[PDB]
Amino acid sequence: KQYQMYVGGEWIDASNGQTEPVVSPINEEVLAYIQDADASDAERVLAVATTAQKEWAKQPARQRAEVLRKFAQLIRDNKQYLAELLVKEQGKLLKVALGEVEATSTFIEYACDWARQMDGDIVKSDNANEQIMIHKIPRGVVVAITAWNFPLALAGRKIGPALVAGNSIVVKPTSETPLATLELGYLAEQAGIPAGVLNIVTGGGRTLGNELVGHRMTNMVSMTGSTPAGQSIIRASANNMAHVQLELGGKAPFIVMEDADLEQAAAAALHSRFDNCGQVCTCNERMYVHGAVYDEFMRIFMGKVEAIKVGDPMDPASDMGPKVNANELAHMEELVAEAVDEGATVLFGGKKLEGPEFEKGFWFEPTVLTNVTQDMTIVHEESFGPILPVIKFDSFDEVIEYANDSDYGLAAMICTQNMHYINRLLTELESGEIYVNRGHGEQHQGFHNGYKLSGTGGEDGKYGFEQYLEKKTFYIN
């Protein structure tokens, strides 16, 4: 099977003859080939997107919302096909995959509610017989770049707001897991999305993606991915000063205070690390446990970790599937060996799975490291896998300083029944997305917003949607 690219309502090949394979993490089966365009394909799809946007913007916002609501429902109609495709290309549990498809639909349906919230401002002038008008208008062409952990939902997360607001979009999905995203091309056509309003091109992030983000025709970049790629895009955007909405890496601490409910805290900590095989940007990446509850907490928590069943993600008994590819599995092995080198203990796991049920695929054991000090690399380098270091602490001010000792500042989780600890978080905890007495997991109406190198400018909600519009100011005498 070989996919094409969706450009201007047609299916076309990369102008270089290049393809790229897509490999299942479950069994290393080559699932399909995709086009592997390079920088020379950017201008065509941007020009097509530019032309289509002029007509799309003229459509009443209510019609745009009606088309996208149909698009989102067509996605829901094909939930089972798309979920099984996500399981095969990306490796997530089937039940998580079904949840990702639903989130794709709801990300689009949530944005449709903003179809009627684009009013401008009538501003009173200091000068007589004069009016100041501040209109909201589309930016034009949005470039949307996605990551592989939730590729389909990350696309809907950006398609929805961009098209509702009257923009056209050029989606460059991750090259690791683009197949389900490419299938949206056919549903876009079924829903009646006009030709060129939704484009899907596949190719190298550092070639095609880099050409798209700095291009003259690109008015906005919405991108999800690692911090180094986001930094490259920031540099590129100096060439066009396109608005950049970049949602990048995390190193979320999970803090268990002395007065936490240990059973609630342990279950929240368990899911927050091992959801999606650790491949969540809000994951519990470093667990801080107060020394007074350490022993009792860890006995509860470790009983949970040791019962995680790693297996085939179509098997309903599986609690954790494979890692997405060999590069990411190698990263697990290197983080573990390096942590042993700097003095840490491997309490559980810490190796790739052995045995007949796992000779194909990229399988890593749920891993807990102890005797970890704050300065070890595993406390600072994002893991994005099932590796959890555990650090003791003795006071709030101590763990706060640990929490902020980071280049990342996306998620943070804390379990405590002390309301004054929680109130100090507003001014003292340098994370943009804070969970109190529960695990990670954001909502469409929230604001997914990362401090420091976790991004520059948030996503979702009203403050995410508002970034897909531009302003135009009129001084009218």
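Don't overthink the numbering: it's just position in the shown sequence, from 1.
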- request: May I ask you to compare 60 to 68 and 443 to 451 by their mean CA B factor in the entry and name the higher one?
  value: 60 to 68
task: Going by the average Cα B-factor in the PDB entry, point out whether 241 to 249 or 263 to 271 comes out higher.
output: 263 to 271
task: Check the PDB entry and point out which of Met287, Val143, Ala292, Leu182 has the largest C-alpha temperature factor.
output: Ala292
- prompt: Can you tell me which of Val96, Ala111, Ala403, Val221 has the highest Cα temperature factor in the record?
  reply: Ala403
task: Check where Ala52 lands among this chain's C-alpha B-factors and tell me if it's the lowest, middle or highest third.
output: lowest
- request: Would you please rank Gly355 by its C-alpha temperature factor against the other modelled residues of its chain and give the third it falls in: lowest, middle or highest?
  value: highest
- prompt: Should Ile12 be placed in the lowest, middle or highest third of its chain by the C-alpha B factor in the entry?
  reply: lowest
statement: So, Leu46's CA B-factor, relative to its chain, sits in which third? The middle
query: In terms of the CA temperature factor given in the entry, to which third of its chain does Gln279 belong: lowest, middle or highest?
result: lowest
